[PDB]
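*Asks:* Structure file work06.csv, CSV, N, CA and C atoms, is pasted below:
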```csv
chain,number,residue,atom,x,y,z
A,595,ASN,N,0.7,-29.8,26.5
A,595,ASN,CA,-0.5,-29.7,25.7
A,595,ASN,C,-1.0,-28.3,25.5
A,596,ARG,N,-0.3,-27.3,26.0
A,596,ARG,CA,-0.7,-25.9,25.9
A,596,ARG,C,0.4,-25.2,25.1
A,597,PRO,N,0.0,-24.0,24.5
A,597,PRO,CA,1.1,-23.2,23.8
A,597,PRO,C,2.1,-22.6,24.7
A,598,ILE,N,3.3,-22.4,24.2
A,598,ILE,CA,4.4,-22.0,25.1
A,598,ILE,C,4.2,-20.5,25.6
A,599,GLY,N,4.2,-19.6,24.6
A,599,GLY,CA,4.1,-18.2,24.9
A,599,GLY,C,2.8,-17.6,24.5
A,600,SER,N,2.0,-17.1,25.4
A,600,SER,CA,0.8,-16.4,25.2
A,600,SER,C,0.8,-15.1,25.9
A,601,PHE,N,0.8,-14.0,25.2
A,601,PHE,CA,0.9,-12.6,25.8
A,601,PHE,C,0.0,-11.7,25.1
A,602,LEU,N,-0.1,-10.5,25.7
A,602,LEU,CA,-0.8,-9.3,25.1
A,602,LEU,C,0.1,-8.1,25.3
A,603,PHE,N,0.5,-7.6,24.2
A,603,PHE,CA,1.4,-6.4,24.2
A,603,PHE,C,0.5,-5.2,24.3
A,604,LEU,N,0.6,-4.5,25.4
A,604,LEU,CA,-0.2,-3.3,25.7
A,604,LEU,C,0.7,-2.1,25.8
A,605,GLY,N,0.6,-1.1,24.9
A,605,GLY,CA,1.4,0.1,24.9
A,605,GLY,C,1.2,0.7,23.5
A,606,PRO,N,1.8,1.9,23.3
A,606,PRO,CA,1.7,2.6,22.0
A,606,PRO,C,2.5,1.8,21.0
A,607,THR,N,2.1,2.0,19.7
A,607,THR,CA,2.6,1.3,18.6
A,607,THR,C,4.0,1.8,18.3
A,608,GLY,N,4.7,1.0,17.5
A,608,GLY,CA,6.0,1.4,16.9
A,608,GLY,C,7.1,1.7,17.9
A,609,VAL,N,7.0,1.2,19.2
A,609,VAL,CA,7.9,1.6,20.2
A,609,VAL,C,9.0,0.5,20.3
A,610,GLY,N,9.0,-0.4,19.4
A,610,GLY,CA,9.8,-1.6,19.5
A,610,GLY,C,9.1,-2.9,19.6
A,611,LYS,N,7.8,-2.9,19.4
A,611,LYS,CA,7.0,-4.1,19.4
A,611,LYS,C,7.4,-5.1,18.3
A,612,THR,N,7.6,-4.5,17.1
A,612,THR,CA,8.2,-5.2,16.0
A,612,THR,C,9.6,-5.6,16.3
A,613,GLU,N,10.4,-4.7,17.0
A,613,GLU,CA,11.7,-5.0,17.4
A,613,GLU,C,11.8,-6.1,18.5
A,614,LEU,N,10.8,-6.1,19.4
A,614,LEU,CA,10.7,-7.1,20.4
A,614,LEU,C,10.4,-8.5,19.8
A,615,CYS,N,9.5,-8.5,18.9
A,615,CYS,CA,9.2,-9.7,18.2
A,615,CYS,C,10.4,-10.3,17.4
A,616,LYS,N,11.1,-9.4,16.7
A,616,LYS,CA,12.2,-9.8,16.0
A,616,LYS,C,13.4,-10.2,16.9
A,617,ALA,N,13.5,-9.6,18.1
A,617,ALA,CA,14.6,-10.1,19.0
A,617,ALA,C,14.2,-11.4,19.6
A,618,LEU,N,12.9,-11.7,19.9
A,618,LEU,CA,12.4,-13.0,20.3
A,618,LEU,C,12.7,-14.0,19.2
A,619,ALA,N,12.5,-13.7,17.9
A,619,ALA,CA,12.7,-14.6,16.9
A,619,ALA,C,14.2,-14.8,16.7
A,620,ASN,N,15.0,-13.8,16.8
A,620,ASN,CA,16.5,-13.8,16.6
A,620,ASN,C,17.2,-14.5,17.7
A,621,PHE,N,16.6,-14.7,18.9
A,621,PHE,CA,17.2,-15.6,19.8
A,621,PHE,C,16.6,-17.0,19.6
A,622,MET,N,15.3,-17.1,19.7
A,622,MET,CA,14.6,-18.4,19.9
A,622,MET,C,14.7,-19.3,18.6
A,623,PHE,N,14.8,-18.6,17.4
A,623,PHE,CA,14.9,-19.3,16.2
A,623,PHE,C,16.0,-18.7,15.3
A,624,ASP,N,16.7,-17.7,15.8
A,624,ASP,CA,18.0,-17.2,15.2
A,624,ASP,C,17.9,-16.6,13.8
A,625,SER,N,16.8,-15.9,13.6
A,625,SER,CA,16.6,-15.0,12.4
A,625,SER,C,15.5,-14.0,12.8
A,626,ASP,N,15.5,-12.9,12.2
A,626,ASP,CA,14.5,-11.9,12.4
A,626,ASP,C,13.2,-12.4,11.7
A,627,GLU,N,13.2,-12.8,10.5
A,627,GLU,CA,12.1,-13.3,9.8
A,627,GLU,C,12.0,-14.8,10.0
A,628,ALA,N,12.3,-15.3,11.2
A,628,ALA,CA,11.9,-16.7,11.6
A,628,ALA,C,10.6,-16.6,12.4
A,629,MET,N,9.6,-16.0,11.8
A,629,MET,CA,8.4,-15.6,12.5
A,629,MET,C,7.3,-15.4,11.6
A,630,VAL,N,6.1,-15.0,12.1
A,630,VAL,CA,4.9,-14.7,11.3
A,630,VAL,C,4.3,-13.4,11.9
A,631,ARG,N,4.2,-12.4,11.1
A,631,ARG,CA,3.4,-11.2,11.4
A,631,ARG,C,2.1,-11.2,10.6
A,632,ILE,N,1.0,-11.2,11.3
A,632,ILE,CA,-0.4,-11.1,10.7
A,632,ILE,C,-1.2,-10.1,11.5
A,633,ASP,N,-1.7,-9.1,10.8
A,633,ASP,CA,-2.6,-8.1,11.4
A,633,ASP,C,-4.0,-8.6,11.4
A,634,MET,N,-4.7,-8.2,12.5
A,634,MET,CA,-6.1,-8.6,12.7
A,634,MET,C,-7.1,-7.5,12.5
A,635,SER,N,-6.6,-6.3,12.2
A,635,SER,CA,-7.5,-5.1,12.1
A,635,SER,C,-8.4,-5.2,10.8
A,636,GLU,N,-8.1,-6.0,9.9
A,636,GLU,CA,-8.8,-6.0,8.6
A,636,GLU,C,-10.0,-7.0,8.7
A,637,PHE,N,-10.2,-7.6,9.8
A,637,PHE,CA,-11.1,-8.8,9.9
A,637,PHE,C,-12.3,-8.5,10.8
A,638,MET,N,-12.9,-7.4,10.7
A,638,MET,CA,-14.0,-7.0,11.5
A,638,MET,C,-15.3,-7.7,11.0
A,639,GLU,N,-15.4,-8.1,9.8
A,639,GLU,CA,-16.6,-8.6,9.2
A,639,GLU,C,-16.7,-10.1,9.4
A,640,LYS,N,-17.7,-10.8,8.8
A,640,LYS,CA,-17.8,-12.2,8.8
A,640,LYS,C,-16.7,-12.9,8.1
A,641,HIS,N,-16.0,-12.2,7.2
A,641,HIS,CA,-14.9,-12.8,6.4
A,641,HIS,C,-13.6,-12.7,7.2
A,642,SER,N,-13.6,-13.4,8.3
A,642,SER,CA,-12.4,-13.5,9.1
A,642,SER,C,-11.9,-15.0,9.2
A,643,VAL,N,-12.8,-15.9,9.5
A,643,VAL,CA,-12.5,-17.3,9.5
A,643,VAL,C,-12.3,-17.8,8.0
A,644,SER,N,-13.0,-17.2,7.1
A,644,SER,CA,-12.9,-17.5,5.7
A,644,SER,C,-11.6,-16.8,5.0
A,645,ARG,N,-10.9,-16.0,5.8
A,645,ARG,CA,-9.7,-15.3,5.3
A,645,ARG,C,-8.5,-15.6,6.1
A,646,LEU,N,-8.6,-15.8,7.4
A,646,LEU,CA,-7.5,-16.1,8.3
A,646,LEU,C,-7.2,-17.6,8.4
A,647,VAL,N,-8.2,-18.4,8.7
A,647,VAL,CA,-8.0,-19.8,9.0
A,647,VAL,C,-7.8,-20.5,7.6
A,648,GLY,N,-8.8,-20.5,6.8
A,648,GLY,CA,-8.8,-21.2,5.5
A,648,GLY,C,-10.1,-21.1,4.8
A,649,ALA,N,-10.0,-20.8,3.5
A,649,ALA,CA,-11.2,-20.3,2.8
A,649,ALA,C,-12.1,-21.5,2.4
A,650,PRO,N,-13.4,-21.2,2.2
A,650,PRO,CA,-14.2,-22.2,1.4
A,650,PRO,C,-13.8,-22.3,0.0
A,651,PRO,N,-13.9,-23.4,-0.7
A,651,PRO,CA,-13.4,-23.6,-2.0
A,651,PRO,C,-14.2,-22.8,-3.1
A,652,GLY,N,-13.5,-21.7,-3.6
A,652,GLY,CA,-14.0,-20.9,-4.7
A,652,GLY,C,-14.5,-19.5,-4.3
A,653,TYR,N,-13.8,-18.9,-3.4
A,653,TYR,CA,-14.1,-17.5,-2.9
A,653,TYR,C,-12.9,-16.7,-2.7
A,654,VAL,N,-13.0,-15.6,-2.0
A,654,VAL,CA,-12.0,-14.5,-2.1
A,654,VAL,C,-10.7,-14.9,-1.5
A,655,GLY,N,-10.7,-15.4,-0.3
A,655,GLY,CA,-9.4,-15.7,0.4
A,655,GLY,C,-8.8,-17.1,0.1
A,656,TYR,N,-9.0,-17.6,-1.1
A,656,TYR,CA,-8.6,-19.0,-1.4
A,656,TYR,C,-7.2,-19.1,-2.0
A,657,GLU,N,-6.9,-18.4,-3.1
A,657,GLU,CA,-5.8,-18.7,-3.9
A,657,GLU,C,-4.5,-18.1,-3.3
A,658,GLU,N,-4.4,-17.8,-2.0
A,658,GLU,CA,-3.2,-17.6,-1.3
A,658,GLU,C,-2.9,-18.7,-0.3
A,659,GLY,N,-3.7,-19.7,-0.3
A,659,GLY,CA,-3.6,-20.8,0.7
A,659,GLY,C,-4.4,-20.4,2.0
A,660,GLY,N,-3.7,-19.8,3.0
A,660,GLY,CA,-4.4,-19.4,4.2
A,660,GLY,C,-3.4,-18.5,5.0
B,727,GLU,N,-12.6,11.8,-5.4
B,727,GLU,CA,-13.7,12.3,-4.5
B,727,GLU,C,-13.1,13.3,-3.5
B,728,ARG,N,-12.1,13.0,-2.8
B,728,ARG,CA,-11.8,13.6,-1.5
B,728,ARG,C,-10.4,14.3,-1.5
B,729,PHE,N,-9.6,14.4,-2.6
B,729,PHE,CA,-8.4,15.1,-2.5
B,729,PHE,C,-8.6,16.6,-2.4
B,730,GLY,N,-9.7,17.1,-2.9
B,730,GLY,CA,-10.1,18.4,-2.6
B,730,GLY,C,-10.6,18.4,-1.1
B,731,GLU,N,-10.4,19.6,-0.5
B,731,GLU,CA,-10.8,20.0,0.9
B,731,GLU,C,-10.2,19.0,1.9
B,732,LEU,N,-9.1,18.3,1.6
B,732,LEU,CA,-8.4,17.4,2.5
B,732,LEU,C,-6.9,17.7,2.4
B,733,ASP,N,-6.2,17.3,3.5
B,733,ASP,CA,-4.8,17.5,3.6
B,733,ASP,C,-4.0,16.5,2.8
B,734,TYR,N,-2.7,16.4,3.0
B,734,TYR,CA,-1.9,15.5,2.2
B,734,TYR,C,-1.7,14.2,2.9
B,735,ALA,N,-1.2,14.2,4.2
B,735,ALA,CA,-0.8,13.0,4.9
B,735,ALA,C,-1.9,12.1,5.2
B,736,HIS,N,-3.1,12.7,5.6
B,736,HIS,CA,-4.2,11.8,5.9
B,736,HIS,C,-4.8,11.2,4.7
B,737,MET,N,-4.7,11.9,3.5
B,737,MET,CA,-5.0,11.3,2.3
B,737,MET,C,-4.2,10.1,1.9
B,738,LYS,N,-2.8,10.3,2.2
B,738,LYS,CA,-1.9,9.2,2.0
B,738,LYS,C,-2.2,8.0,2.9
B,739,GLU,N,-2.6,8.2,4.1
B,739,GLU,CA,-2.9,7.1,5.0
B,739,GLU,C,-4.2,6.5,4.6
B,740,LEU,N,-5.2,7.3,4.2
B,740,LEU,CA,-6.5,6.7,3.8
B,740,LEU,C,-6.4,5.8,2.6
B,741,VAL,N,-5.7,6.3,1.5
B,741,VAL,CA,-5.6,5.5,0.4
B,741,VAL,C,-4.6,4.3,0.6
B,742,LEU,N,-3.7,4.5,1.6
B,742,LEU,CA,-2.8,3.3,2.0
B,742,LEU,C,-3.7,2.2,2.6
B,743,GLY,N,-4.7,2.6,3.4
B,743,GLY,CA,-5.6,1.6,3.9
B,743,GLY,C,-6.4,0.9,2.8
B,744,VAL,N,-6.7,1.7,1.7
B,744,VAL,CA,-7.4,1.1,0.6
B,744,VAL,C,-6.4,0.1,-0.1
B,745,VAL,N,-5.1,0.4,-0.2
B,745,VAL,CA,-4.1,-0.4,-0.8
B,745,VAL,C,-4.0,-1.7,0.1
B,746,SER,N,-4.1,-1.5,1.4
B,746,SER,CA,-4.0,-2.7,2.3
B,746,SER,C,-5.2,-3.6,2.1
B,747,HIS,N,-6.3,-3.0,1.7
B,747,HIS,CA,-7.4,-3.9,1.2
B,747,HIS,C,-7.0,-4.6,0.0
B,748,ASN,N,-6.2,-4.0,-0.9
B,748,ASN,CA,-5.9,-4.7,-2.1
B,748,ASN,C,-4.6,-5.6,-2.1
B,749,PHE,N,-3.5,-5.1,-1.5
B,749,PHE,CA,-2.3,-5.8,-1.5
B,749,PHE,C,-2.1,-6.6,-0.2
B,750,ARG,N,-0.9,-7.1,0.1
B,750,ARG,CA,-0.6,-7.7,1.3
B,750,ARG,C,0.1,-6.7,2.3
B,751,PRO,N,-0.1,-6.9,3.6
B,751,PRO,CA,0.5,-5.9,4.5
B,751,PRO,C,2.0,-6.0,4.6
B,752,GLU,N,2.5,-7.2,4.5
B,752,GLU,CA,4.0,-7.4,4.5
B,752,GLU,C,4.6,-6.9,3.2
B,753,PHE,N,3.8,-6.8,2.1
B,753,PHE,CA,4.2,-6.2,0.9
B,753,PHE,C,4.5,-4.7,1.1
B,754,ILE,N,3.4,-3.9,1.3
B,754,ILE,CA,3.5,-2.5,1.4
B,754,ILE,C,4.2,-2.0,2.7
B,755,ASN,N,4.5,-2.9,3.6
B,755,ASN,CA,5.5,-2.6,4.6
B,755,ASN,C,6.9,-2.4,4.0
B,756,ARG,N,7.2,-3.0,2.9
B,756,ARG,CA,8.5,-3.0,2.2
B,756,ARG,C,8.6,-2.0,1.1
B,757,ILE,N,8.0,-0.9,1.2
B,757,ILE,CA,8.0,0.1,0.1
B,757,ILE,C,8.8,1.4,0.7
B,758,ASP,N,9.6,2.0,-0.2
B,758,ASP,CA,10.3,3.2,0.2
B,758,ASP,C,9.2,4.3,0.4
B,759,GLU,N,8.5,4.7,-0.6
B,759,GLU,CA,7.5,5.8,-0.4
B,759,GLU,C,6.4,5.7,-1.4
B,760,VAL,N,5.2,5.7,-0.9
B,760,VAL,CA,4.0,5.5,-1.7
B,760,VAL,C,3.5,6.9,-2.1
B,761,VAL,N,3.9,7.5,-3.2
B,761,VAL,CA,3.5,8.8,-3.5
B,761,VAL,C,2.2,8.8,-4.3
B,762,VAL,N,1.3,9.7,-3.9
B,762,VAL,CA,-0.1,9.7,-4.3
B,762,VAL,C,-0.3,11.0,-5.0
B,763,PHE,N,-0.9,10.9,-6.2
B,763,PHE,CA,-0.9,12.0,-7.1
B,763,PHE,C,-2.1,12.9,-6.8
B,764,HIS,N,-2.4,13.9,-7.6
B,764,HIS,CA,-3.6,14.6,-7.5
B,764,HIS,C,-4.1,14.9,-9.0
B,765,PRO,N,-5.4,15.1,-9.2
B,765,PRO,CA,-5.8,15.4,-10.5
B,765,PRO,C,-5.3,16.7,-11.0
B,766,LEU,N,-5.2,16.9,-12.3
B,766,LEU,CA,-4.6,18.0,-12.9
B,766,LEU,C,-5.5,19.2,-13.0
B,767,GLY,N,-5.0,20.4,-12.7
B,767,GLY,CA,-5.8,21.6,-12.7
B,767,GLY,C,-5.6,22.3,-14.0
B,768,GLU,N,-6.0,23.6,-14.1
B,768,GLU,CA,-6.1,24.3,-15.4
B,768,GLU,C,-4.8,24.8,-15.9
B,769,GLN,N,-4.0,25.3,-15.0
B,769,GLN,CA,-2.7,25.8,-15.4
B,769,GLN,C,-1.8,24.6,-15.8
B,770,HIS,N,-2.0,23.5,-15.2
B,770,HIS,CA,-1.2,22.3,-15.5
B,770,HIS,C,-1.6,21.8,-16.9
B,771,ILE,N,-2.9,21.9,-17.3
B,771,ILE,CA,-3.4,21.5,-18.6
B,771,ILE,C,-3.0,22.5,-19.7
B,772,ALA,N,-2.9,23.8,-19.3
B,772,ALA,CA,-2.3,24.7,-20.3
B,772,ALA,C,-0.9,24.4,-20.6
B,773,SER,N,-0.1,24.0,-19.5
B,773,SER,CA,1.3,23.7,-19.8
B,773,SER,C,1.4,22.4,-20.6
B,774,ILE,N,0.6,21.4,-20.3
B,774,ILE,CA,0.6,20.1,-21.0
B,774,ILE,C,0.2,20.4,-22.5
B,775,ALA,N,-0.7,21.3,-22.7
B,775,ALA,CA,-1.0,21.8,-24.1
B,775,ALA,C,0.2,22.4,-24.8
B,776,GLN,N,0.9,23.1,-24.0
B,776,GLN,CA,2.1,23.7,-24.6
B,776,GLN,C,3.2,22.7,-25.0
B,777,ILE,N,3.3,21.6,-24.1
B,777,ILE,CA,4.3,20.6,-24.4
B,777,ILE,C,3.9,19.8,-25.6
B,778,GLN,N,2.6,19.4,-25.8
B,778,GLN,CA,2.1,18.7,-26.9
B,778,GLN,C,2.2,19.5,-28.2
B,779,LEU,N,2.0,20.8,-28.1
B,779,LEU,CA,2.1,21.7,-29.3
B,779,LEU,C,3.6,21.8,-29.6
B,780,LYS,N,4.5,21.7,-28.7
B,780,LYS,CA,5.9,21.8,-29.0
B,780,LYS,C,6.3,20.5,-29.8
B,781,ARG,N,5.8,19.3,-29.3
B,781,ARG,CA,6.2,18.1,-30.1
B,781,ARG,C,5.5,18.1,-31.4
B,782,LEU,N,4.3,18.7,-31.5
B,782,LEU,CA,3.7,18.8,-32.8
B,782,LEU,C,4.5,19.8,-33.8
B,783,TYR,N,5.1,20.8,-33.2
B,783,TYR,CA,6.0,21.7,-34.0
B,783,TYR,C,7.2,20.9,-34.5
B,784,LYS,N,7.7,20.0,-33.6
B,784,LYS,CA,8.9,19.3,-34.1
B,784,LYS,C,8.5,18.3,-35.2
B,785,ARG,N,7.3,17.7,-35.1
B,785,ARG,CA,6.9,16.8,-36.2
B,785,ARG,C,6.6,17.5,-37.5
B,786,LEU,N,5.9,18.7,-37.4
B,786,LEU,CA,5.7,19.4,-38.7
B,786,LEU,C,6.9,20.2,-39.1
B,787,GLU,N,7.9,20.3,-38.3
B,787,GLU,CA,9.2,20.9,-38.8
B,787,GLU,C,10.0,19.8,-39.5
B,788,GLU,N,10.0,18.6,-39.0
B,788,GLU,CA,10.6,17.5,-39.8
B,788,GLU,C,9.8,17.3,-41.1
B,789,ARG,N,8.5,17.6,-41.0
B,789,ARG,CA,7.7,17.6,-42.3
B,789,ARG,C,8.0,18.8,-43.1
B,790,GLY,N,8.3,19.9,-42.5
B,790,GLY,CA,8.6,21.1,-43.2
B,790,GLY,C,7.5,22.1,-43.3
B,791,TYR,N,6.8,22.4,-42.2
B,791,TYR,CA,5.8,23.4,-42.1
B,791,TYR,C,6.0,24.1,-40.8
B,792,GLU,N,6.4,25.4,-40.8
B,792,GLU,CA,6.6,26.2,-39.6
B,792,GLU,C,5.2,26.7,-39.2
```
Output the structure of this file as C-alpha cells.
*Replies:*
Amino acid sequence: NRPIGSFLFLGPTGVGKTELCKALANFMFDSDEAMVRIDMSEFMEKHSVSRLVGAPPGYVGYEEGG
Amino acid sequence: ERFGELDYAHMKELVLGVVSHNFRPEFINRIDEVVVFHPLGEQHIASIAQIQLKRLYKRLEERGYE
C-alpha cells in the first residue's frame, strides 16, 4: 500500500542524475524515456496544485491536461 | 532592458528562464542552441541603410535611372 521507490538525490546537478534516472528506467521498464521528468522549481506560488496536479476548469494550467 | 551593461551567458540563462515560463521544459531541453540577439546599433543601421540603397539601385536600374 506504499510507493516502491522514494528517494532524495543530494549532490551537484548534471553529474549523472538524469543518467541515473534513465538507467533506472532502462532496466526497470527497458527504455530511457520510460519515465517522467517534471521540474518543481517553477511552482513557488499558489499556482502549484492548479498547475501540477490538475487545473480548475477555465484557467492557465488546463489545456495540457495535467 | 538589460542587454546593455550585462554579459552574454547570464543573459542567455535569464531569457531562457523566461522561455521556461513560456514553453515546456522537456521542449527546450531538446534544442541545439538558443541564440539570443541584441538590438542594432548605429554602425549596423548605417550598413543596413547601404544594403537597402543597393537594392533600390537595382530596382531603379531595372527601371533605367542611375
*Asks:* Where in chain A does DSSP assign alpha helix (DSSP H), given as a PyMOL selection string?
*Replies:* chain A and resi 611-622
*Asks:* To one decimal place, how far is atom N of residue 629 of chain A from atom CA of residue 596 of chain A in Å?
*Replies:*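 Separating atom N of residue 629 of chain A from atom CA of residue 596 of chain A is a distance of 20.1 Å.
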*Asks:* Can you build me a table of chain B residues sitting at most 8 Å from chain A, with the closest atom pair per residue and its distance in Å to one decimal, using only N, CA and C atoms, sorted by chain and residue number, as JSON lines?
*Replies:*
```
{"residue": "B:746", "atom": "C", "partner": "A:636", "partner_atom": "CA", "distance": 7.8}
{"residue": "B:747", "atom": "CA", "partner": "A:636", "partner_atom": "CA", "distance": 7.8}
{"residue": "B:751", "atom": "CA", "partner": "A:633", "partner_atom": "N", "distance": 7.4}
{"residue": "B:752", "atom": "N", "partner": "A:631", "partner_atom": "C", "distance": 7.3}
```
*Asks:* For N, CA and C atoms, I'd like the residues from the last selection saved as a CSV table (one decimal), in the frame of the given file.
*Replies:*
```
chain,number,residue,atom,x,y,z
B,746,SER,N,-4.1,-1.5,1.4
B,746,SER,CA,-4.0,-2.7,2.3
B,746,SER,C,-5.2,-3.6,2.1
B,747,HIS,N,-6.3,-3.0,1.7
B,747,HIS,CA,-7.4,-3.9,1.2
B,747,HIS,C,-7.0,-4.6,0.0
B,751,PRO,N,-0.1,-6.9,3.6
B,751,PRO,CA,0.5,-5.9,4.5
B,751,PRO,C,2.0,-6.0,4.6
B,752,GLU,N,2.5,-7.2,4.5
B,752,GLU,CA,4.0,-7.4,4.5
B,752,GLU,C,4.6,-6.9,3.2
```
*Asks:* Mind giving me the straight-line distance from atom C of residue 740 of chain B to atom CA of residue 774 of chain B in Å, one decimal?
*Replies:*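 So the answer is 28.5 Å.
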*Asks:* Need the axis-aligned box for segment 604-620 of chain A with 4 Å each side, so what are the centre and edges in Å to one decimal, as lines of an AutoDock Vina configuration file?
*Replies:*
```
center_x = 8.5
center_y = -6.1
center_z = 20.9
size_x = 25.4
size_y = 25.4
size_z = 17.8
```
*Asks:* Quick check, in Å to one decimal: how far apart do atom C of residue 792 of chain B and atom N of residue 779 of chain B lie?
*Replies:* 13.0 Å
*Asks:* Taking 3 positions as the minimum chain separation for residues in the same chain, which residues sit within 7 Å of segment 761-772 of chain B when counting only N, CA and C atoms? Answer as number ranges by chain.
*Replies:* B: 729, 738, 775-777
*Asks:* Could you turn the residues from that selection into a file that holds N, CA and C atoms, as a PDB file, in the coordinates of the input?
*Replies:*
```
ATOM      1  N   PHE B 729      -9.600  14.400  -2.600  1.00  0.00           N
ATOM      2  CA  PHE B 729      -8.400  15.100  -2.500  1.00  0.00           C
ATOM      3  C   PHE B 729      -8.600  16.600  -2.400  1.00  0.00           C
ATOM      4  N   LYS B 738      -2.800  10.300   2.200  1.00  0.00           N
ATOM      5  CA  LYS B 738      -1.900   9.200   2.000  1.00  0.00           C
ATOM      6  C   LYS B 738      -2.200   8.000   2.900  1.00  0.00           C
ATOM      7  N   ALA B 775      -0.700  21.300 -22.700  1.00  0.00           N
ATOM      8  CA  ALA B 775      -1.000  21.800 -24.100  1.00  0.00           C
ATOM      9  C   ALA B 775       0.200  22.400 -24.800  1.00  0.00           C
ATOM     10  N   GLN B 776       0.900  23.100 -24.000  1.00  0.00           N
ATOM     11  CA  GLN B 776       2.100  23.700 -24.600  1.00  0.00           C
ATOM     12  C   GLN B 776       3.200  22.700 -25.000  1.00  0.00           C
ATOM     13  N   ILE B 777       3.300  21.600 -24.100  1.00  0.00           N
ATOM     14  CA  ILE B 777       4.300  20.600 -24.400  1.00  0.00           C
ATOM     15  C   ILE B 777       3.900  19.800 -25.600  1.00  0.00           C
TER      16      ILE B 777
END
```
*Asks:* So that I can check the surroundings of residue 759 of chain B, please list as a list in words every protein, DNA and RNA residue that reaches within 12 Å of it, counting only C-alpha atoms and ignoring chain neighbours fewer than 4 positions away.
*Replies:*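 Final neighbour list, sorted by chain and number: residues 738, 739, 742, 754 and 755 of chain B.
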*Asks:* Within 12 Å of residue 643 of chain A, counting only C-alpha atoms, which residues show up once you throw out same-chain ones fewer than 4 positions away? Write them as a list in words, please.
*Replies:*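 Everything that qualifies: residues 634, 636, 637, 638, 639, 647, 648, 649, 650, 654, 655, 656 and 660 of chain A.
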*Asks:* Which residue, A:595, A:658, A:628, A:641, has the smallest gap to residue 616 of chain A when you use only N, CA and C atoms?
*Replies:* A:628
